[PDB]
Amino acid sequence: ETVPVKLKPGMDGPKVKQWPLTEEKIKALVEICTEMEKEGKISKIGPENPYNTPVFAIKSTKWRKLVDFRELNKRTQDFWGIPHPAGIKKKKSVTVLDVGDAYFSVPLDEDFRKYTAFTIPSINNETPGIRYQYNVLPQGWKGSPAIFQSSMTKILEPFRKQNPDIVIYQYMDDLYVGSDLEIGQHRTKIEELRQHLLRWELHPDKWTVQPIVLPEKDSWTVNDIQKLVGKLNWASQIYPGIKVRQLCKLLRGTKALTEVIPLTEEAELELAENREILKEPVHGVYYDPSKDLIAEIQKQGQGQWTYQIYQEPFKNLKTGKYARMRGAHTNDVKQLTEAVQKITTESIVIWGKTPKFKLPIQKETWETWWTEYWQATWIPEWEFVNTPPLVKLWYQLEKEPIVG
Amino acid sequence: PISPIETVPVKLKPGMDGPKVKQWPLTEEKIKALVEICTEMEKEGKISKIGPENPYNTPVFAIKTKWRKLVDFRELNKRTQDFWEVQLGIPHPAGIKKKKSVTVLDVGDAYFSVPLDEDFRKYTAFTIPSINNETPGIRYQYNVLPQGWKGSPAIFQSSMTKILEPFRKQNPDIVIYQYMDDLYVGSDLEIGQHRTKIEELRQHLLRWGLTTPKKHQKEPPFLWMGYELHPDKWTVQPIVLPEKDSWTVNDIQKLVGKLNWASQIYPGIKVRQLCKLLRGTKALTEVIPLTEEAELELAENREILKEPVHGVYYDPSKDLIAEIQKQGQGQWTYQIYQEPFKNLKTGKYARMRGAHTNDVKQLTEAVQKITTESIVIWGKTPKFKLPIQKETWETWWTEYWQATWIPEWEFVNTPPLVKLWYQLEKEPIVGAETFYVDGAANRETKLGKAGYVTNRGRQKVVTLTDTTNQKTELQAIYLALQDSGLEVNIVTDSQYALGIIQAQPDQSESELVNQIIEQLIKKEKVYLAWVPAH
Ligand SMILES: CC(C)c1c(Cc2ccccc2)n(COCc2ccccc2)c(=O)[nH]c1=O
């Protein structure tokens, strides 16, 4: 059977245009689609269907079909899934499972399929697009997990019981499984779940809101103080207790930037008082479910990226840094994506929802290649920005390991 | 000769009702003619005499040499549901794989060859008048896709496609391009084999009622939006600039238009002087005398255009290469070829008059439009041949505040080259003067002052009538650069300067910034330092 899935009130279907795809990618989707077509998951559609959703392929030599239901999902009626087990976040190790395959079984309300229309492009437009719509639950649509709920718990209990020491969290096509076992004993308990499923490595507690550390020096020059004093100023927006009078007082006059200055005991105390304030995160920052969760990333350079998740300005729910991965040496876009995906999985793990990203990159640039390195079953929301010079100088100033 | 095809389920927009527009009155000469045609079409099975109670109607017209019908569905159309965008992204010669042979097939009145959702027909009702607003005229409605109806093109297209799936599967080494009322069928078979597969195709088409016509039979080259399609290469159709001893505004605009489109395919076409003539114009018909200079440039173009450029077709087994050149600040030229000198495509990117950019950036943006363009055309990315030292590239990108990237490329020395016109020092310059700039302006009175004080006691303050807050800040900076030596340290509290730092632009909109850049570019070493104000 199938449950009547309607759109939210007064909402029409998605009409997102398919951005260009590489030949390779196209040849795959055709294969992946002809197949599914036969197996009855999807059916060719006519022109009387005006809706459309972007789709593409990701990476074995096999390709996955990734459909972008962001817009449909936004317009799909709400279902008030599974609440966030505040425990999944506190677990020595978490592994994720792709269970999107699950939905291929269940049929989809025929009156709603139209809205699932998507299109495979043709190189140079030498052919019409190949239109399809779904007959079953689509991987990527929030309605899928929700509808495949009753049936997921079912297949789930047994392992939940066989192991109540482990916690399971399902988000969209994903299954986040958490435990504390030793590696072998953990990874081995997973496959036990795998096979269980087949018949039908994150370390959360290691994360933390790293602190800011001001530079310390034998000798300080005008310039130096100006920089320190500059960064502190900005920081006062987060910590009102930070004060720079006795510091700006060392800059009273028009001397060379290079000249060295002896700090007063006053200025020295002043610094000490600030280091302390920065010793911990600003008090009072708590998460609010009813509000959007935001994520801002900055290109610190040298493969370095700083991000901050927050819902209100200067009230971070977490802050971090990310160094490029071996091999991305000449590719920003690659780092950013990985970054995004990583910040997104983290986000999900803690609050069960993807954040809205403010990406320091040009739309065009991003939209072209992002698909080339993307690897998650879901897709976050994003907007493109122009990073404020200080916001970067500020977080660049974070703390790293003594050695590593 | 209609079609045994399954109709498409067409609905009217949300709620809206069928058209109820009043039938424009016509003369006996015209009425008698429309009756003629409709009786003919009535026979063919195309339309239907229908009875009353079809509140819907559309105004039929008769035009000319023999009388031709012409129903106006504008309303039916604005009330008709939306369909998927009929192919609105047309190919490009450069992306076509050459084939030994190509045949064009005319599936003209195939529109009338396709059935209409019998359930929707009722809306297509219209009426042939009597001699005066006399008695009730003759009433009909379409049983097939009507010419001029919102969904005909789409549906026809779809159908044609359904209909061709068999034949395509059967003979895959045969490419069919459905474009409008034409089927371009090309292959690598022997002219005889070809001719026969075409004839087979033809027959398979009639098998579905798509009566395909020799008098009309198209032949090469084939005309396609300014392109001539020859077997070995395509070419740009003749572009003409009409001469006159008189030119109105409109004329100079249209021209400029056409000339502008040519800049792409044709190298250095220019319009600076023609465009120069549109200044202070008062009416499109107004007559502007062409200066000497414009007369001189309008001349050269006529000569550039009188030199038609051809292009090659696409060979999948060969490399995709793209060379990019800088034809002026923020202006670029590019050409994509497989074999040296046999271009598939060329083009040029106008000068985005931005608020503040740098060449490495703009170069970067050019590469992107191109890449996207190629993906679309060939479904691949080219190998780039760019006029920028791998070091300059590494040096810039490695520090820029914004994510960026260039696909696989290579350096090529075809000047001018793109470079970083200056690089702010990473640290204060020792033994170099340090200017402390500041600027103030009463945003209201636009009365301001801007100046500096150096470590060496040098000072200055200039007054500014009709200025703004930023204009002084940046001014304070200009002066400092002006009055300083080849190496300066400049400290400012201008958040705007903070921008110039992170971006180190080398071109802008404001002459002021522009000036600063000039001084910047000149100095051997400059260190910019921002510091909070107040
Ligand atoms: C779409 C197909 C049919 C096709 C064509 C036509 C064609 C291509 C683009 C737009 C309209 C028609 N040509 C264009 O070549 C023209 C030509 C070929 C052979 C003899 C004379 C002219 C080609 O070289 N290869 C092809 O596969």
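Residue numbers (the authors' numbering), protein chains in the order written: chain B, 6 to 64, 68 to 88, 93 to 212, 233 to 436; chain A, 1 to 64, 69 to 217, 219 to 539.
Virtual Cβ for every residue (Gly too), placed ideally from N, Cα, C.
Rounded to whole angstroms, the Cβ separation of residue 192 of chain A and residue 103 of chain A is 6 Å, and the two are in contact under 8 Å. Residue burial annotation: residue 203 of chain B is exposed, with fewer than 16 other C-beta atoms found within 10 angstroms of its C-beta. Judged by DSSP secondary structure, residue 265 of chain A falls outside any beta strand (DSSP E) and instead within the alpha helix (DSSP H) spanning 254-270. Of all residues in the stretch 403-423 of chain B, only 419, 421 come within less than 7 Å of chain A when Cβ atoms are compared, listed by chain position. Close partners of residue 368 of chain B in chain A (Cβ separation under 9 Å): 408. Looking at the DSSP output, residue 234 of chain B shares a beta bridge with B:106.
For residue 262 of chain A, no chain B residue has a Cβ inside 7 Å of its Cβ, as the nearest lies near 25 Å away. Of the other Cβ atoms in all chains shown, fewer than 16 fall within 10 Å of the Cβ of residue 165 of chain B; this residue is therefore exposed.
Linking residue 474 of chain A to residue 466 of chain A through their CA atoms gives a straight-line distance of about 15 Å.
Residue 181 of chain A belongs to the set of residues whose beta carbon lies under 8 Å from a beta carbon in chain B. Residues of the stretch 147-167 of chain A that bring their beta carbon within less than 8 Å of a beta carbon in chain B comprise 155, 158, 159, 161, 162, 165, in sequence order.
For ligand 1, a non-hydrogen atom lies closer than 7 Å to the CB of residue 190 of chain A.
Taking 7 Å as the cut-off, the C-beta of residue 100 of chain A counts as close to a heavy atom of ligand 1. When the Cα atoms are used, residue 253 of chain A and residue 309 of chain A turn out to be separated by approximately 24 Å. Linking residue 371 of chain B to residue 432 of chain B through their CA atoms gives a straight-line distance of about 18 Å. Among the residues of the stretch 424-442 of chain A, those with a Cβ less than 7 Å away from any Cβ of chain B are 433, 435, 439, 441, in the order of the chain. Of all alpha-carbon atoms in B:312, B:284, B:210, B:104, the one lying nearest the alpha-carbon of residue 430 of chain B is that of B:312. Going by beta carbons, residue 414 of chain B and residue 391 of chain B fall inside the 8 Å limit.
In this model, residue 358 of chain B and residue 367 of chain B are separated by some 10 Å (Cα to Cα).
The secondary-structure analysis by DSSP pairs residue 136 of chain B with nothing; it has no beta-bridge partner. Residue pairing of residue 60 of chain A in beta bridges, as defined by DSSP: A:75. Residue pairing of residue 352 of chain A in beta bridges, as defined by DSSP: A:339. Nearest to residue 176 of chain B by alpha-carbon distance, out of B:190, B:183, B:185, is B:190. Excluding sequence positions up to five before and after residue 253 of chain B, its CB lies within less than 8 Å of the CB of 289, 290, 291, 292, 293, all in the same chain and listed in chain order. A direct Cα-Cα distance of roughly 41 Å separates residue 450 of chain A from residue 326 of chain B. Neighbours of residue 8 of chain A in chain B, taken as residues at a C-beta separation under 8 Å, are given in chain order as 51, 52, 53. Put simply, the stretch 18-26 of chain A touches the stretch 55-64 of chain A. At least three CB pairs are less than 8 Å apart. With a cutoff of 7 Å, residue 212 of chain A does not count as near ligand 1, since its C-beta is closer than that to no heavy atom of the ligand. In the assembly as shown, residue 212 of chain B is an exposed residue. Its beta-carbon has fewer than 16 other beta-carbons within 10 Å. The beta carbons of residue 31 of chain A and residue 145 of chain A sit about 18 Å from each other, so the pair does not count as a contact at 8 Å. Neighbours of residue 87 of chain A across chain B, judged by C-beta separation under 9 Å: 51, 52, 53, 54, 55. Comparing alpha-carbon positions, the option among A:174, A:227, A:433 lying closest to residue 208 of chain A turns out to be A:174. At a Cβ-Cβ threshold of 8 Å, residue 120 of chain B and residue 7 of chain B count as neighbours. Under the 8 Å criterion on CB atoms, residue 356 of chain B is classed as non-interfacial with respect to chain A.
Note: residue 68 of chain B is not bridge-paired with any residue in the DSSP secondary-structure output.
Listed along the chain, the chain B residues whose CB falls inside 9 Å of the CB of residue 355 of chain A amount to none; the nearest CB is some 16 Å away.
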